[PDB]
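I have placed the structure first, in the form of structure tokens, so that the comments after it can refer back to it.
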Amino acid sequence: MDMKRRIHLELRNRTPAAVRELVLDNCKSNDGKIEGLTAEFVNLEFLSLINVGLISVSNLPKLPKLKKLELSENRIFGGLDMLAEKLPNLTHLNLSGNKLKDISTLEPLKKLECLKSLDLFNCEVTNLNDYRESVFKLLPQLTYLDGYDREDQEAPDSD
Amino acid sequence: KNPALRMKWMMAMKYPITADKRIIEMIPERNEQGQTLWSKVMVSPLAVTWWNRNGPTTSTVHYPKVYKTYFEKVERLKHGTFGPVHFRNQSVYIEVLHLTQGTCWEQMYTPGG
Amino acid sequence: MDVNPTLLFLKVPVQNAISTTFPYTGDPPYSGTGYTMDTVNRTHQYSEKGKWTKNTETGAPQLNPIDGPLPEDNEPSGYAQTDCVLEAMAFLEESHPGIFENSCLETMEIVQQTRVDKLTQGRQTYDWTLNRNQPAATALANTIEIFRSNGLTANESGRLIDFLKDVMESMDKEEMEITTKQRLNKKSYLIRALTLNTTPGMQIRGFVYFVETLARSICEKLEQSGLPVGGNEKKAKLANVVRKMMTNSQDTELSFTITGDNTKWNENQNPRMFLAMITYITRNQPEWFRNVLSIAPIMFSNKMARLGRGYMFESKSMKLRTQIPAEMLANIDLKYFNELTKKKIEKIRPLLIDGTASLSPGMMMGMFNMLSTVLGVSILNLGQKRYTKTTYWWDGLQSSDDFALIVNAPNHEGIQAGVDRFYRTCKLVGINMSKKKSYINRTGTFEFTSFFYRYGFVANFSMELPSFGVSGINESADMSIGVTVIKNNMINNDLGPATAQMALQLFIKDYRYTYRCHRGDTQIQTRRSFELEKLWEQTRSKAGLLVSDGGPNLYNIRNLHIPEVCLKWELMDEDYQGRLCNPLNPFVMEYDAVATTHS
Amino acid sequence: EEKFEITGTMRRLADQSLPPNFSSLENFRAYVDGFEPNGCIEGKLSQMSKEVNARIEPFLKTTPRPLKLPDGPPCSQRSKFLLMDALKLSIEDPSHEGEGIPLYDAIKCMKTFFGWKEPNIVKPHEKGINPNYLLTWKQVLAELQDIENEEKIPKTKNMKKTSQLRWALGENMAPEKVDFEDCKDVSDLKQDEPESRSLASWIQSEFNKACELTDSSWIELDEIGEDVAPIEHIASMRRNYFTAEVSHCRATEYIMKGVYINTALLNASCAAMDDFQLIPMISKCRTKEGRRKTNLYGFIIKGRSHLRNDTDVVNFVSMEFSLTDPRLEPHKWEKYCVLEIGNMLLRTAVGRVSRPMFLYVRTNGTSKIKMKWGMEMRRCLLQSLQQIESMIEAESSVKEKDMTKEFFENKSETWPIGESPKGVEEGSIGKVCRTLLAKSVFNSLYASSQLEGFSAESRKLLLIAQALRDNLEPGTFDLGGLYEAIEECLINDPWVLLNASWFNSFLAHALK
């Protein structure tokens with residue numbers, strides 16, 4: 001299901017501002033890039049793109065308040081800095097199953113001051129010694145990496 | 001053959017220890033919990049603890065004299081005064097060599113007595 | 001990060017953290033007839049010049065390299081020169097007056113006082129009766145029994161020399177009878193007595209012991225040799241030699257060092273050459289003493305190699321597997337093998353007779369370790385600036401096939417010339433320096449038999465860690481054997497005290513699990529978990545309790561030599577001391593027998 | 001005094017050994033008895049060709065080329081059990097320790113996971129019929145249910161010798177031993193160069209996770225008498241620091257898991273020989289708050305095992321739980337067959353996600369030497385300690401003061417262990433203590449003749465580099481031969497190839 005058609009299908013004719021959560025799991029990305037998602041979704045507080053086949057996030061529009069993002073199971077390899085500027089108020093980001101390979105690719109997220117929970121399961125970056133320590137010391141604002149905190153204590157379920 | 005593995009396997013089973021026939025009268029067949037201390041003779045190791053726990057006692061001090069050198073070593077170690085270590089560049093002393101001398105350090109030790 | 005422990009050397013030198021380059025702590029779990037063929041083929045390839053004979057006894061071709069053509073390239077060569085070997089030994093005696101006379105004097109006192117039982121103090125030895133390897137005691141017993149079956153009984157005198165006389169007589173018998181009833185010809189008995197298996201027979205081992213005893217005295221008298229010594233004492237040699245060379249005042253000479261490995265050391269040492277030096281050492285000596293020693297080289301020069309078991313075949317088409325012995329390899333179609341083994345078979349077929357390859361020219365490993373060290377030390381002696389007649393001179397250490405050389409010359413060209421005159425002299429006596437395992441560096445850093453020397457600090461890593469665990473005798477032995485092994489390696493192998501303490505823990509954690517002596521404080525439940533508990537309750541000085549009875553472990557570095565019982569005596573309960581030993585027990589470097597001495 | 005005479009059959013032998021110019025032992029003995037040096041060595045040296053020389057090739061920062069690693073398909077896992085992909089079903093319930101029968105602990109562990117789904121094959125073995133790997137897991141589940149149903153735990157289960165378990169256990173018998181005469185005339189009796197394989201990323205990641213701290217205490221070493229000597233105090237300081245920095249390392253988890261598995265295999269094989277016995281894969285660890293625990297990595301089904309000689313091999317089937325999907329690094333899982341066991345809900349950044357739970361099934365073989373070597377893995381802790389102590393003692397001999405405190409009680413010290421895309425990373429003591437332990441444990445697990453032939457030959461190429469870095473003007477008679485000797489060991493071993501790749505990095509950074 002193409003994004004342009006499926007966004008309309010999910011909307012159920014509801015206006016872009018009237019939707020609080022949009023789920024776009026298991027789609028067919030248009031040339032590996034987002035298409036059909038625009039800034040009209042001002043109130044969108046939950047966006048999901050699981051198993052979308054996305055390879056670039058440089059087409060993402062500007063959304064003011066999107067506390068939850070779900071990009072896991074895509075083919076993103078880099079260019080995360082856009083998330084810092086297009087989503088200044090992003091809090092929970094999931095990036096499991098992507099092709100991130102270097103800690104440097106995670107440097108842009110340092111700009112995001114609202115980030116508190118990051119997950120990188122099945123990412124090759126998690127194969128380095130002191131992976132948790134490196135990620136935390138790179139993003140000091142984080143408190144829940146891969147679902148666990150700095151003291152390896154599972155996060156409460158209220159998040 | 002691997003004697004260590006054989007000892008493990010043999011201590012796993014019951015009544016591994018061989019014993020004389022005197023044990024018939026010396027050690028009972030059971031204990032408080034009713035565990036076989038021996039069997040017609042083969043002896044379980046649990047009997048060795050019984051003899052040491054509650055068995056024929058004695059008041060002999062002849063061991064300090066049959067083994068004179070070993071108790072002498074114990075006395076010299078117990079009354080020996082140690083000294084500061086010295087890390088440096090590369091008959092009692094023969095035995096305490098494992099203390100006095102090392103690869104790159106010397107332990108100034110006097111056995112006394 | 002991507003951890004990379006080899007980068008540790010970027011900060012610490014390589015002689016400080018060299019332990020990281022030794023993989024294993026014990027014998028690894030891995031390891032035929034294909035290797036023996038290659039060994040004999042290489043041995044005969046390194047010496048294929050000038051003479052082939054045919055032994056009149058065994059009818060086996062023999063290759064005599066000694067006094068052969070001089071080498072003209074850098075490949076290994078076994079063409080030792082008899083003149084050069086004798087000259088080197090003569091100079092060795094000249095520089096150490098009375099070295100050979102004294103060694104012979106101290107060996108005639110050991111050939112007349114060596115019980116035949118000394119032949120049982122060894123490892124697996126080939127058995128000439130059963131035609132397969134048996135332990136030393138069993139092989140010696142079988143040989144003595146078969147000798148007694150014939151008219152050979154001098155070994156009953158209880159002297160090894162008399163057993164040697166018996167074997168010499170046995171070599172003459174026209175037919176030798178063995179029952180377990182088959183009788184072997186004269187030739188067959190010689191082939192079975194001059195055979196080395198995959199290890200020499202019981203006949204040879206008698207003389208080789210005497211030859212090694214003579215070589216041991218010479219090695220001990222030689223300062224340069226470092227074979228007989230071991231552990232800390234060897235560490236006093238390396239530095240010592242570096243102290244002889246570097247030390248000087250107002251000196252323009254420069255000194256270089258060579259870490260050395262000898263390539264194909266065993267395959268180029270020739271028993272005919274060892275006879276040439278056992279004949280020089282035993283000069284002006286009683287003719288009976290010279291005869292006993294020469295017999296070992298005489299047999300070794302005519303030795304024969306057994307080609308293990310053989311190759312195993314299998315065919316998937318009809319799914320069948322077979323195993324052809326090595327005896328039939330003489331007459332077997334080459335269609336079944338592959339190209340490489342086919343070439344090996346083609347090259348080895350002429351030599352073999354009776355299913356064994358006649359390996360005359362070379363020497364198998366481990367038989368003349370000490371004597372082979374006298375030759376290398378002789379060559380190292382030839383550099384003294386008195387036998388060199390030139391500005392350069394050298395000195396060093398050697399043990400079997402590993403040597404360390406130091407050359408002091410005014411110039412770099414002087415060093416390069418000093419190295420050449422040692423390499424060539426080594427080539428003259430059949431010693432071949434390995435050019436693919438040696439390197440040169442200024443004095444102050446080198447290696448010798450895994451002892452690494454760096455600016456006066458010698459790290460000893462020749463010997464692996466032992467097995468710290470229950471020996472398996474009984475309760476009062478294991479606790480006196482493991483904590484004795486720890487101490488012994490602390491004094492001998494120089495293992496640091498931190499490892500000794502953690503070795504004493506990985507052992508007591510094994511002595512406490514096999515014997516179920518889990519202590520009274522812990523809640524470990526087992527068959528023996530009941531009695532121990534109450535033995536804990538009715539005692540005041542709980543330190544007195546032996547570890548065998550669930551007591552505390554009181555051993556540390558300081559008291560690893562004291563036996564457990566004598567250690568804990570002063571704090572044992574008299575009510576417990578009495579029960580502990582009580583000579584009328586139903587049960588009874590370990591000693592101090594107590595109730596915990598079962599069988 | 002005595003009369004030891006050489007007579008016929010020994011005089012005749014003695015007359016054929018001596019050099020090729022004499023015809024009797026007496027003649028040669030007389031010749032040697034009348035020998036005086038006459039400058040023979042000098043004449044022979046003058047006659048010898050000048051091509052026989054040892055030319056010292058200078059060793060400079062430019063000479064050392066990087067080692068040439070092999071080429072071919074990427075290597076694959078060789079360990080008996082999963083190292084970093086292992087998944088643990090834990091109990092966190094003691095039974096006074098030790099006494100607990102392993103199978104009851106396995107039952108309790110399996111009871112703590114709800115989510116089992118019908119097993120499905122994800123990664124076929126590609127060299128054995130993939131069915132009869134699924135059926136083995138189905139059968140093990142069936143017998144686990146049977147044990148649970150019965151009131152009394154048998155305390156030692158014995159799998160039914162069904163068809164699938166027979167094929168999996170390697171009961172596809174090898175050709176029967178026959179007589180060579182019987183098969184004299186047949187198609188062929190060929191008695192095999194090992195395949196060459198290149199590096200893969202996984203072996204470098206597996207060593208990264210073997211250097212990391214866990215949250216459980218895996219090694220509980222016993223007591224030592226009180227310390228009264230200053231040397232005893234220093235030794236206790238070193239040992240306690242190392243143990244504290246190492247007890248939680250994952251290398252210690254590998255040590256304990258291997259020890260337990262090998263002990264169980266050896267006991268079962270020596271006890272129940274005729275039938276197939278189900279041996280749980282269990283390891284006991286104490287958590288961060290002192291509470292015991294019992295972890296079940298998987299199951300081992302032992303095969304028929306009559307072992308007289310050490311080298312006699314027992315074939316078993318190992319089935320380990322895991323969460324690592326096989327489709328990420330398929331070339332690593334070339335010997336395993338992968339089943340999809342269940343679905344486990346784990347905490348993500350956004351809510352909780354259901355992730356598949358896999359089982360890796362492999363038909364492996366092990367002899368008694370590979371069991372005794374494997375029950376001694378606990379001696380890897382006794383080797384890393386000596387490595388650390390040797391470094392401390394060397395750097396303390398360079399000085400004349402105990403450097404134990406300057407090593408451990410100093411937050412400023414940092415050794416170059418690692419390499420990121422920024423420069424050689426440096427970690428404090430404690431990542432060196434756990435890094436040498438990981439190296440020792442991986443040497444034990446991946447022991448091979450290639451490793452033993454690479455460590456010895458690559459140590460010479462290391463001391464030459466050290467001599468160059470100490471300005472001692474190293475020189476090598478034949479450096480091309482040494483490189484060849486090193487490279488003949490790099491064939492297919494995943495561990496040895498990594499150690500070679502580490503060597504290349506050290507040479508580049510050390511000499512530059």
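All residue names refer to the structure tokens as shown: chains lettered A, B, ... in order, residues numbered from 1 in each chain, ligands numbered from 1 in order.
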Excluding segment 64-80 of chain B and its own-chain neighbours fewer than 2 positions away, which residues fall within 10 Å of it when counting only C-alpha atoms? Please give them as a VMD selection string.
(chain B and resid 60 to 62 82 92 95 to 96 109 to 113) or (chain C and resid 558 to 559 561 to 563 565 to 570 591 to 592)
Pull out every residue of chain A sitting within 9 Å of chain C, counting only C-alpha atoms, and send them as a ChimeraX atom specification.
/A:127-131,134
Selected residues written out, N, CA and C atoms, as a short mmCIF file (atom, residue, chain, number, x, y, z; two decimals), in the first residue's frame:
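Generated output (result.cif):
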data_model
loop_
_atom_site.label_atom_id
_atom_site.label_comp_id
_atom_site.auth_asym_id
_atom_site.auth_seq_id
_atom_site.Cartn_x
_atom_site.Cartn_y
_atom_site.Cartn_z
N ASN A 127 27.33 -3.60 18.33
CA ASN A 127 28.34 -4.64 18.37
C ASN A 127 29.68 -4.14 18.90
N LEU A 128 29.73 -2.91 19.40
CA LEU A 128 30.96 -2.32 19.89
C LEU A 128 31.06 -2.47 21.41
N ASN A 129 32.29 -2.59 21.90
CA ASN A 129 32.50 -2.58 23.34
C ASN A 129 32.10 -1.23 23.91
N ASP A 130 31.51 -1.26 25.11
CA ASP A 130 31.02 -0.04 25.75
C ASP A 130 30.05 0.70 24.84
N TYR A 131 29.14 -0.05 24.21
CA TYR A 131 28.14 0.56 23.34
C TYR A 131 27.19 1.44 24.15
N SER A 134 29.10 4.51 25.41
CA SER A 134 29.38 5.44 24.32
C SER A 134 28.13 6.22 23.94
#
Using only C-alpha atoms, determine which residues lie at most 10 Å from residue 106 of chain D, disregarding the query and same-chain residues fewer than 6 positions distant; provide the list as a ChimeraX atom specification.
/D:89-91,144,279-282,294-299
Closest to residue 384 of chain D among C:295, C:176, C:481, C:502, using only C-alpha atoms?
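Using only C-alpha atoms, the shortest distance to residue 384 of chain D belongs to C:502.
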Contact residues around residue 392 of chain C with only C-alpha atoms at 6 Å, ignoring same-chain residues under 6 positions, as a list in words
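The residues satisfying every condition are residues 408, 409 and 418 of chain C.
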So that I can check the secondary structure, give me every residue of segment 15-55 of chain B assigned strand (DSSP E) by backbone DSSP, as a list in words.
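Result set for segment 15-55 of chain B (strand (DSSP E)): residues 17, 18, 38, 39, 42 and 43 of chain B.
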Take the residues just selected and output them with N, CA and C atoms as a JSON list (two decimals), in the first residue's frame.
[["chain", "number", "residue", "atom", "x", "y", "z"],
["B", 17, "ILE", "N", 35.11, -46.36, 50.21],
["B", 17, "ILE", "CA", 36.28, -46.61, 51.04],
["B", 17, "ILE", "C", 36.32, -48.07, 51.47],
["B", 18, "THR", "N", 37.48, -48.69, 51.30],
["B", 18, "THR", "CA", 37.74, -50.00, 51.89],
["B", 18, "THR", "C", 38.09, -49.84, 53.36],
["B", 38, "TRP", "N", 28.34, -47.58, 56.72],
["B", 38, "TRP", "CA", 29.15, -48.63, 56.10],
["B", 38, "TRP", "C", 28.23, -49.77, 55.70],
["B", 39, "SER", "N", 28.81, -50.75, 55.00],
["B", 39, "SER", "CA", 28.05, -51.91, 54.56],
["B", 39, "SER", "C", 29.02, -53.06, 54.35],
["B", 42, "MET", "N", 32.97, -52.58, 52.63],
["B", 42, "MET", "CA", 32.96, -51.27, 52.00],
["B", 42, "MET", "C", 32.42, -50.23, 52.98],
["B", 43, "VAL", "N", 33.02, -49.04, 52.96],
["B", 43, "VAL", "CA", 32.68, -47.98, 53.90],
["B", 43, "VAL", "C", 32.40, -46.70, 53.13]]
Residue 1 of chain D: which residues within 10 Å, counting only C-alpha atoms, same-chain residues fewer than 3 positions away excluded, as an mmCIF file with N, CA, C and O atoms, in the first residue's frame?
data_model
loop_
_atom_site.group_PDB
_atom_site.id
_atom_site.type_symbol
_atom_site.label_atom_id
_atom_site.label_comp_id
_atom_site.auth_asym_id
_atom_site.auth_seq_id
_atom_site.Cartn_x
_atom_site.Cartn_y
_atom_site.Cartn_z
ATOM 1 N N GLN C 112 79.011 -48.532 36.820
ATOM 2 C CA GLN C 112 79.173 -49.690 37.687
ATOM 3 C C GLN C 112 78.233 -49.663 38.883
ATOM 4 O O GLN C 112 78.304 -50.560 39.728
ATOM 5 N N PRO C 286 90.003 -46.524 29.820
ATOM 6 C CA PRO C 286 89.938 -47.986 29.722
ATOM 7 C C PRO C 286 89.104 -48.420 28.525
ATOM 8 O O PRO C 286 88.036 -47.870 28.255
ATOM 9 N N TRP C 288 87.240 -50.801 28.076
ATOM 10 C CA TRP C 288 85.884 -51.236 28.389
ATOM 11 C C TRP C 288 84.931 -50.055 28.491
ATOM 12 O O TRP C 288 83.751 -50.181 28.144
ATOM 13 N N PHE C 289 85.417 -48.906 28.964
ATOM 14 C CA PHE C 289 84.554 -47.734 29.083
ATOM 15 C C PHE C 289 84.259 -47.127 27.718
ATOM 16 O O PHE C 289 83.152 -46.634 27.478
ATOM 17 N N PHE D 4 83.799 -55.462 28.888
ATOM 18 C CA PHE D 4 82.731 -55.242 27.918
ATOM 19 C C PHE D 4 83.381 -55.265 26.542
ATOM 20 O O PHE D 4 84.049 -54.308 26.142
#
Compile the residues of chain C that lie within 6 Å of chain B, evaluated using only C-alpha atoms, and express the compilation as a PyMOL selection string.
chain C and resi 457+470-472+490-491+514+528+535+566+578-580+586-587+598-599
Save the residues we just selected, N, CA and C atoms, as a PDB file, in the first residue's frame?
ATOM      1  N   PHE C 457      66.189  -7.628  32.978  1.00  0.00           N
ATOM      2  CA  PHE C 457      65.011  -8.254  33.567  1.00  0.00           C
ATOM      3  C   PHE C 457      64.629  -9.438  32.691  1.00  0.00           C
ATOM      4  N   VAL C 470      42.605 -31.841  42.491  1.00  0.00           N
ATOM      5  CA  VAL C 470      42.740 -33.030  43.320  1.00  0.00           C
ATOM      6  C   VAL C 470      43.535 -34.084  42.562  1.00  0.00           C
ATOM      7  N   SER C 471      44.613 -34.569  43.180  1.00  0.00           N
ATOM      8  CA  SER C 471      45.419 -35.605  42.545  1.00  0.00           C
ATOM      9  C   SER C 471      44.619 -36.887  42.362  1.00  0.00           C
ATOM     10  N   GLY C 472      43.848 -37.273  43.374  1.00  0.00           N
ATOM     11  CA  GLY C 472      43.032 -38.465  43.311  1.00  0.00           C
ATOM     12  C   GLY C 472      43.496 -39.618  44.175  1.00  0.00           C
ATOM     13  N   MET C 490      55.841 -21.913  42.511  1.00  0.00           N
ATOM     14  CA  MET C 490      56.199 -20.578  42.974  1.00  0.00           C
ATOM     15  C   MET C 490      57.712 -20.429  43.089  1.00  0.00           C
ATOM     16  N   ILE C 491      58.406 -21.488  43.513  1.00  0.00           N
ATOM     17  CA  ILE C 491      59.857 -21.384  43.671  1.00  0.00           C
ATOM     18  C   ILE C 491      60.565 -21.705  42.361  1.00  0.00           C
ATOM     19  N   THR C 514      34.777 -32.461  45.052  1.00  0.00           N
ATOM     20  CA  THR C 514      34.881 -33.900  44.835  1.00  0.00           C
ATOM     21  C   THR C 514      34.627 -34.670  46.125  1.00  0.00           C
ATOM     22  N   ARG C 528      27.063 -36.165  52.321  1.00  0.00           N
ATOM     23  CA  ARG C 528      27.904 -35.925  53.485  1.00  0.00           C
ATOM     24  C   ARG C 528      27.525 -34.655  54.236  1.00  0.00           C
ATOM     25  N   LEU C 535      29.674 -31.877  63.528  1.00  0.00           N
ATOM     26  CA  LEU C 535      31.078 -31.717  63.878  1.00  0.00           C
ATOM     27  C   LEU C 535      31.430 -30.245  64.042  1.00  0.00           C
ATOM     28  N   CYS C 566      49.639 -30.396  60.992  1.00  0.00           N
ATOM     29  CA  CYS C 566      50.569 -29.689  61.865  1.00  0.00           C
ATOM     30  C   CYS C 566      50.269 -28.197  61.903  1.00  0.00           C
ATOM     31  N   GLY C 578      42.055 -36.169  69.570  1.00  0.00           N
ATOM     32  CA  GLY C 578      42.047 -37.576  69.935  1.00  0.00           C
ATOM     33  C   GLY C 578      41.323 -38.430  68.913  1.00  0.00           C
ATOM     34  N   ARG C 579      40.129 -37.996  68.504  1.00  0.00           N
ATOM     35  CA  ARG C 579      39.377 -38.746  67.504  1.00  0.00           C
ATOM     36  C   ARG C 579      40.050 -38.697  66.141  1.00  0.00           C
ATOM     37  N   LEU C 580      40.753 -37.603  65.835  1.00  0.00           N
ATOM     38  CA  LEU C 580      41.239 -37.387  64.477  1.00  0.00           C
ATOM     39  C   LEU C 580      42.226 -38.466  64.053  1.00  0.00           C
ATOM     40  N   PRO C 586      39.750 -47.670  61.908  1.00  0.00           N
ATOM     41  CA  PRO C 586      39.269 -48.661  60.932  1.00  0.00           C
ATOM     42  C   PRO C 586      39.595 -48.308  59.492  1.00  0.00           C
ATOM     43  N   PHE C 587      40.166 -47.130  59.235  1.00  0.00           N
ATOM     44  CA  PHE C 587      40.422 -46.652  57.881  1.00  0.00           C
ATOM     45  C   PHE C 587      41.878 -46.818  57.465  1.00  0.00           C
ATOM     46  N   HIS C 598      41.766 -42.758  53.570  1.00  0.00           N
ATOM     47  CA  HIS C 598      41.101 -43.945  53.054  1.00  0.00           C
ATOM     48  C   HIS C 598      41.753 -44.396  51.747  1.00  0.00           C
ATOM     49  N   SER C 599      41.212 -45.470  51.179  1.00  0.00           N
ATOM     50  CA  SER C 599      41.715 -46.015  49.924  1.00  0.00           C
ATOM     51  C   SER C 599      40.564 -46.459  49.027  1.00  0.00           C
TER      52      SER C 599
END
Hey, what's within 9 Å of segment 53-59 of chain C if we count only C-alpha atoms and toss same-chain stuff fewer than 2 positions away? As a PyMOL selection string, please?
(chain C and resi 51+61-64+186-188+190-191+302+353) or (chain D and resi 9+12-13+16)
What does the distance between atom CA of residue 328 of chain C and atom CA of residue 133 of chain C come to in Å, to one decimal place?
20.3 Å
Backbone-only DSSP, helix (DSSP H, G or I) members of segment 449-507 of chain D, as a PyMOL selection string
chain D and resi 449-469+479-487+494-507
